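# give the three-dimensional model of this entry:
(chains A, B, C, D, E, F, G and H, ligands or ions: 9)
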Amino acid sequence: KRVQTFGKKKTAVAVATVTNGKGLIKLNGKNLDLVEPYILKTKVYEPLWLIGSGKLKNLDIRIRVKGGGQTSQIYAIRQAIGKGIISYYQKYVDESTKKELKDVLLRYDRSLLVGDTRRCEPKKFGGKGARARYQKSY
Amino acid sequence: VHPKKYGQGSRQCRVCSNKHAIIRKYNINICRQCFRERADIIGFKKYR
Amino acid sequence: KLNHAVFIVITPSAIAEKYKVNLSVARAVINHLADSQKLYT
Amino acid sequence: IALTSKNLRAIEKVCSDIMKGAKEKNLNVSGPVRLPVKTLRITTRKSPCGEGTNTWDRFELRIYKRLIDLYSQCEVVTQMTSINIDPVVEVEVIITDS
Amino acid sequence: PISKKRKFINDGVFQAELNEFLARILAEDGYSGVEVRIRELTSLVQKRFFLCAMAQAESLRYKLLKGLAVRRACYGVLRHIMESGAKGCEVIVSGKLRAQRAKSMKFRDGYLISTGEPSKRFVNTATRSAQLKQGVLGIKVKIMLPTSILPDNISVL
Amino acid sequence: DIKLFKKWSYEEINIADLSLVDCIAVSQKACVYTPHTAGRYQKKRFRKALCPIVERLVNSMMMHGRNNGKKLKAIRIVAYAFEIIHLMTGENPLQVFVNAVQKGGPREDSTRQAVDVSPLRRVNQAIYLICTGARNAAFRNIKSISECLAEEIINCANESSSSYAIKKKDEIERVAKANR
Amino acid sequence: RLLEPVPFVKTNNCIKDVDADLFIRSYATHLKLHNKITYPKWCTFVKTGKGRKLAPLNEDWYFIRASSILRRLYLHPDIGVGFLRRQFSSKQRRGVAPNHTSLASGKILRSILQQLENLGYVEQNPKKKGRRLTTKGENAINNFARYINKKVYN
RNA sequence: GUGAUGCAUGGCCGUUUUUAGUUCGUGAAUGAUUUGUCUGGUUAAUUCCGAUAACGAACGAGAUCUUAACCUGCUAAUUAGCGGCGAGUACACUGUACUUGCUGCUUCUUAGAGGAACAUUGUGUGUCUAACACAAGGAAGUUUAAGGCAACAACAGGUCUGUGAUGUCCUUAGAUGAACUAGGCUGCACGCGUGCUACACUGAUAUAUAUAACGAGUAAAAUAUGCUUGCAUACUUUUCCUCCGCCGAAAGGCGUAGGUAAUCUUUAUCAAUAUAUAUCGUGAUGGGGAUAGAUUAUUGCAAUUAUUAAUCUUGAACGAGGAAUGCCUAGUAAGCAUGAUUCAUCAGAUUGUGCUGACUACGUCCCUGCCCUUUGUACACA
Ligand SMILES: [Mg+2]
Ligand SMILES: [Mg+2]
Ligand SMILES: [Mg+2]
Ligand SMILES: [Mg+2]
Ligand SMILES: [Mg+2]
Ligand SMILES: [Mg+2]
Ligand SMILES: [Mg+2]
Ligand SMILES: [Mg+2]
Ligand SMILES: [Zn+2]
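Residues are numbered from 1 along each chain as shown, chains lettered A, B, ... in the order given. Ligands and ions are numbered 1, 2, ... in the order given. What follows is the structure:
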């Protein structure tokens, strides 16, 4: 019927509601036709390509993204999609198919199912960044 | 007497009347050294 | 120095190299031919 | 009902107690909702003087605001509130229909 | 009407002030308290508003004021602490002290953990500056209390 | 079907080094459609071997302070270069890149005396050299970066000492020879 | 230019299913064709915001701006002048001192809004907050978007 | 007393040192002392193992604390959402986008308690000891990442210009006290710091598009009455964040609105790098914005030696930097901004926070600095 999972890259949680439908796939109120830059577009479409466009004619998808920059957001979206489709399959479709899909995803790469755990480390005094200290002249 | 209402010399530390280096956030109005000593009693614990 | 002019396998750089021209002029030429980086044949 | 406090564990205990009190009878009590802990951070420079590689220290007074709802009469709610309690947890009861 | 953050800070400040007031008043007392002859104190507070370490420190200061042989006094204090069931202690006295220049004197008995949040928890610490002949003597007392269990121990039955 | 840039498939590519194959993985899981991977390539010693070569190239391009942390731009530039390669000097751009990489590594280096070079290191050097040369070509010229880069790549593929990287490599080799 | 083989169908119904810049351009063109909106007086020698230190260089920038504003309105429930200004902010290089963010010149925006309301595209709502789209205007926008989509398909 | 003296002191802070170091009980070896606390292996670590005139302790390390990392599809549901569903406005097919009105789920949003990695299983190297390397699993395998805490002993380190912590000496009405009026700390042949901005085309310019996280936000003025711009009397919003609506090129102004805050500023987006499309076209060039000239404001009793801000114009040095030297190993460098602290006003500072996300190690003692054993010393102020 309807399944809600998230992605996560840096801060940037893309929540993918995957429902029964005709196969549209959207972001907040906009088609995945947009995303934003033409270069990165492939990182969002990739899981779909892996799984096949015919498999998602049963499944509508909406995605709510919040927080983060651009690339991170894209990554989050991708992650959400990956988790989402697979989650749907695990519940309402068969198990074998789900397994197959998972295998395919693994063969392509990590990041689709399992998350990127990295996050901005606290800046420390005596410097501008995390490690980068100021400057001594003696 | 001359306007003593808005400037560094207008107000002071609650504790020792020093016009320099006052923590003026949250209306604490303690010069920072004094605050550093009384940070325990006020309930300011260093975690990170 | 190389004071290129204005009054008189397609890319702007190539055009510049060949006839000794400003790249705005190259762009213009390209446009004419057709009729932020470029590629034409 | 809003329970503002500085000490987490104590606050939690208080909340638990109030829940227990509620569970007696007559109280449609919504569960304890802990609010976003708006942490007062002061970054003071250590050392009175200007000597030593200027180490700061991030103090954090982290206030825990806690929130809980009920559909009741004033006296009863007052009674419920009376768990004895002490100077540490700051209580406020709102007796509004809205 | 005043905000929550503002309120909390104010309360803290008030607490601090109260503590300081108590310190000022009660040189003759085993002071720790802070929970609200005494009538005057109450009045003062109203006007304003609209085993333990601190006590030990105070005692030490009093002794110093009286005029003892210092070391002996410290020893006595240590003994008292031991009697009162302390797992460990530490007293420091730095300042002028007999000679003109320098001279910090440690006085430990039982073991005194210094690093970790255990230190923060399981020691009571106190600092008094006893004014004397030609300057100030600088007390710091540090008591390790009975634990509610230390992180280092692994007690097999 | 598995693809890169929705254009150059790298099922057609070839290698013929062994060592370089071992070093750079353009494989079954190092398949990629656009360079930008957020991979954890530097949490281990040899995890940079799993890294796709395009990504590496992009990273290399990314250098120089005022242009640093501009991944997208770099990617775009590389795409442009690839396109150029495809069009003018007609060949599968991936193959050309591979050839360049093969060419690029100085096989022997000097030290405080002459020693050999690990394949991965050589590859890295090649990647660096090609980008640096391209940058140099760009800087205060006019030409454009993508074009220059493409030219450099082609030169590398050829194995001709008109470009900078190749020259540098040659020099290094000479030095090594002199040493031992 | 934009078109490509995608793995889904696109419900080309509202403007959120259209590519932005192109749409804006189209709207500007339409406006020009109509002569529905003017170009006040000061428009032709003003600077759009503190940070720009230079005139637009687009000739019919006003129209473009208006189009953008429409889109913005459609996107959000109730949108002020301040919000609009914030939206059309850029980096102001203060020469030697490092860059700050720079709030746009709001006057022009306000004028545009006024014009739109006169024409009957936007609506100052007495409930809620500052000026949203008026329903007719929204409908028109949607229609335009649809048209654009059709054109693209063709 | 922001007088003199930190070489009189207190406390606090710095460094030695975030390294691994310090000490005791008894024993043993005229005395200072040594041993323990070590040839070696191992460790981030006097971290362990193993050898042993030592055995056994204690502080320090480790543990602990705080975050950040992934789960309970258990605990909870506003001031968070998701749906539920009415009401529509547009368009699709035989649902999608968008607002007003009403009120099961907890994935996202908040935050309490729990869980999870221990080198677990696999295989190497290792006295097959302590342990390391690789592989699989996994959210995670450098105590997972980051801090915080900080022993012993000092330095004649800093601070009496933080203090009504504080000694002595000075000063005490022609005060070195306090108060007021200017002026100066910003004065400039020059030397050395920390930064910012640059030297362009991976770029400026100008439109358009995209999208953060931590945050932080409440004596003076207005209007009327009574008298000579002043006082007195009465009465009520304003003192900070600014929504919004109007005026203003711009800055700002005026009017009002919410907010003592998960409610409002505002946060299903407050930023810039981004990206897309145009103008430039390598020419001190539209790179660059110094220096200057003249207004319009705002803050303030007061703006000149221009507070800052805006508008117009002025178009300097600089074509990547010599001798030297700094910082850095993964969400790090760098770039990009931005919140907060100071704040009446004013970031080029600091301090936090995020966004774009490299290169190169994965080691070594060559330099530099610490530490260790041996060794030498006429040094011990070392
Ligand atoms: Mg310990
Ligand atoms: Mg000293
Ligand atoms: Mg020894
Ligand atoms: Mg520790
Ligand atoms: Mg000065
Ligand atoms: Mg400063
Ligand atoms: Mg050095
Ligand atoms: Mg001697
Ligand atoms: Zn003070």
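
# quick one: the nearest residue to residue G:109 once chain neighbours are set aside and ligand 9, what's the gap?
With sequence-adjacent residues excluded and distances taken as Cβ to Cβ, 6 or more residues apart in numbering or on different chains, residue G:109 is closest to residue G:84, at 4.8 Å. Quick note: C-beta positions are derived from backbone N, CA and C, even for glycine. Residue G:84 sits 48 Å away from ligand 9, going by Cβ to the ion, to the nearest Å.

# hmm, residue G:84 is touching residue G:69, no?
Yes - between residue G:84 and residue G:69 there is a contact under Cβ atoms under 8 Å: 6.4 Å.

# overlap in contacts, these two.
Residues touching both residue G:84 and residue G:69 by Cβ atoms under 8 Å, 6 or more residues apart in numbering or on different chains: G:109, G:113.

# on that earlier part again, now the residue nearest to residue G:109: phi and psi?
phi -60, psi -50 (degrees, to the nearest 10).

# how many neighbouring residues does it have?
24 (other Cβ atoms under 10 Å in any protein chain shown).

# where does the closest residue to residue A:46 other than its chain neighbours sit: helix, strand or coil?
Once flanking residues are discounted, residue A:46 sits nearest to residue F:33: 6.0 Å by Cβ to Cβ, 6+ apart. Three-state call for residue F:33 (DSSP: H, G, I helix; E, B strand; the rest coil): coil.

# can you give me the neighbour number for the closest residue to chain D within chain C?
Here chain C gets closest to chain D at one residue, residue C:36, 44.7 Å apart by Cβ to the nearest Cβ. Other residues near residue C:36 come to 3 when the count uses other Cβ under 10 Å.

# give the contact list for it.
Residues near residue C:36 by Cβ under 8 Å, 6+ apart: none.

# relative to residue B:34, how far out is it?
Counting by Cβ to Cβ, to the nearest Å, the gap from residue C:36 to residue B:34 is 60 Å.

# same check, this time on residue E:57
According to Cβ to Cβ, residue E:57 and residue B:34 sit 20 Å apart.

# the more surrounded of those two?
residue E:57 (24 against 20).

# any idea how far that one is from residue E:21?
In this view, residue E:57 and residue E:21 are 17 Å apart by Cβ to Cβ.

# what of residue E:13?
As judged by Cβ to Cβ, residue E:13 and residue E:21 stand 13 Å apart.

# and the longest helix for the chain?
In the absence of a named chain, this looks at chain A. helix A:71-92 (DSSP state H).

# you looked at the wrong chain, it should be chain C
Looking across chain C with DSSP H, the single longest helix is helix C:23-34.

# is that one anywhere near chain F?
Yes - for helix C:23-34, a contact with chain F is found by Cβ under 8 Å from any Cβ of the partner chain, at residue C:23.

# where do the helices sit along the chain?
Picking chain A for this. A:41-51, A:71-92, A:95-108.

# meant chain D, my bad for not saying
Under DSSP H, chain D gives helices at D:8-23, D:74-81.

# most tightly packed of the ones you listed?
Of the helices of chain D, the one with the most neighbours on average (mean count of other Cβ atoms under 10 Å in any protein chain shown) is helix D:8-23, at a mean of 15.

# give me the angle between that one and helix D:74-81.
On the basis of axes from the mean of the first three to the mean of the last three Cα atoms, to 10 degrees, helix D:8-23 is oriented at 130 degrees to helix D:74-81.

# counting contacts, what elements does helix D:8-23 pack onto?
Packing partners of helix D:8-23 (3 or more Cβ pairs under 8 Å, 6 or more residues apart in numbering or on different chains; DSSP states H and E): strand D:2-5, strand D:64-67, helix D:74-81, strand D:89-92.

# who wins for proximity to chain F among those?
strand D:64-67 (36.2 Å).

# neighbouring contacts of the closest one?
D:1-8, D:11, D:15, D:32-38, E:4.

# please redo it, this time with the cut-off set to 7 Å
With contact meaning Cβ atoms under 7 Å, 6 or more residues apart in numbering or on different chains, strand D:64-67 is reached by D:2-5, D:8, D:11, D:15, D:32-35, D:37, E:4.

# also stretch G:53-65?
G:24, G:28, G:31-32, G:37, G:39, G:43, G:47-48, G:112.

# show the buried residues in these.
Neighbour-count burial (16 or more other Cβ atoms under 10 Å in any protein chain shown) applied to these gives G:24, G:28, G:31, G:37, G:48, G:112.

# are the helix or strand where residue F:79 lies and chain G in contact anywhere?
Element membership of residue F:79 [criterion: DSSP states H and E] is helix F:71-87. No - judged by Cβ under 7 Å from any Cβ of the partner chain, helix F:71-87 and chain G are separated, with a smallest distance of 14.9 Å.

# so how far is the very next helix or strand once past that helix off the chain centroid?
Going down the chain from helix F:71-87, the next helix or strand is helix F:93-104, by DSSP H and E. How far helix F:93-104 lies from its chain's middle: 7 Å, per Cα atoms, centre = their mean, to the nearest Å.

# with stretch F:155-167 instead?
Taking Cα atoms, centre = their mean, one finds the center of stretch F:155-167 at 13 Å from the center of the full chain.

# next, count neighbours for residue F:58.
25.

# likewise residue F:173?
The number of residues packed around residue F:173, counting by other Cβ under 10 Å, is 14.

# how about the strand or helix carrying it as PDB, C-alpha atoms only?
Using DSSP H and E, residue F:173 maps to helix F:164-179. Provided in PDB are the C-alpha atoms of helix F:164-179 (Å, rounded to 0.1, in the frame of the first residue of the first chain):
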ATOM      1  CA  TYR F 164      54.400  18.800 -20.300                       C
ATOM      2  CA  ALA F 165      53.600  15.700 -18.200                       C
ATOM      3  CA  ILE F 166      55.300  13.400 -20.700                       C
ATOM      4  CA  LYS F 167      58.400  15.700 -20.700                       C
ATOM      5  CA  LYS F 168      58.500  15.600 -16.900                       C
ATOM      6  CA  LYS F 169      58.300  11.800 -16.900                       C
ATOM      7  CA  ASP F 170      61.100  11.600 -19.400                       C
ATOM      8  CA  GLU F 171      63.200  13.900 -17.300                       C
ATOM      9  CA  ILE F 172      62.600  11.800 -14.200                       C
ATOM     10  CA  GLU F 173      63.500   8.700 -16.100                       C
ATOM     11  CA  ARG F 174      66.800  10.300 -17.300                       C
ATOM     12  CA  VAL F 175      67.600  11.400 -13.700                       C
ATOM     13  CA  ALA F 176      67.000   7.800 -12.500                       C
ATOM     14  CA  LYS F 177      69.300   6.500 -15.200                       C
ATOM     15  CA  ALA F 178      72.000   8.900 -14.200                       C
ATOM     16  CA  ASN F 179      71.700   7.900 -10.600                       C
END
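
# between that helix and helix F:93-104, how many degrees?
Going by the same axes, to 10 degrees, helix F:164-179 makes 20 degrees with helix F:93-104.
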